[PDB]
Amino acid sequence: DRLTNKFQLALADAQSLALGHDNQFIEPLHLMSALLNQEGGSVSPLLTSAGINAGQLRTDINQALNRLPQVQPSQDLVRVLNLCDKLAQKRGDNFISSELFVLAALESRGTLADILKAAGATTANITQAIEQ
């Protein structure tokens, strides 16, 4: 799609994570975990730059993943990805990058947004990190 190759690869990993954890749906949480674990990925350094502890974030995200029902993208994920698209359009980006997911997730309510807020993320410090 309009997604960067790195973002597409993280999505594939998110699917593997959901499968490996016996979850029926790939949730924004799965993608965040994949992005946090992506060597050379943009998400971890973006968070560190925004003043958010990426290490503790993956722990809280893993805790949330551990709470999901066990038994394929969820509508939650489709929704957040749609906002990523709109955000890329508003910022004038040619493609949808991983950093936008952090911003879109923060503005999409639900568990991931709650975790990000508690971790110190705000539309302001994430947007600043993105522009930087």
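In this text, residue numbers run from 1 along the sequence as written.
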request  = Indicate whether the chain is continuous between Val71 and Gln72 or, if not, how many deposited residues are absent from the coordinates: none, 1 to 3, 4 to 9, or 10 or more.
outcome  = 4 to 9
ask   = On average, which has the higher Cα B-factor in the deposited entry, 103-111 or 43-51?
value = 43-51
inquiry  = I need to verify one thing: averaged over C-alpha atoms only, is the B-factor higher for 61-69 or for 79-87?
reply    = 79-87
request  = State the tercile, meaning the lowest, middle or highest third, of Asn94 with respect to the CA B-factors recorded for its chain.
outcome  = highest
key: Modelled-residue ranking by C-alpha temperature factor, third containing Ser33   = lowest
ask   = In terms of the CA temperature factor given in the entry, to which third of its chain does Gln132 belong: lowest, middle or highest?
value = highest
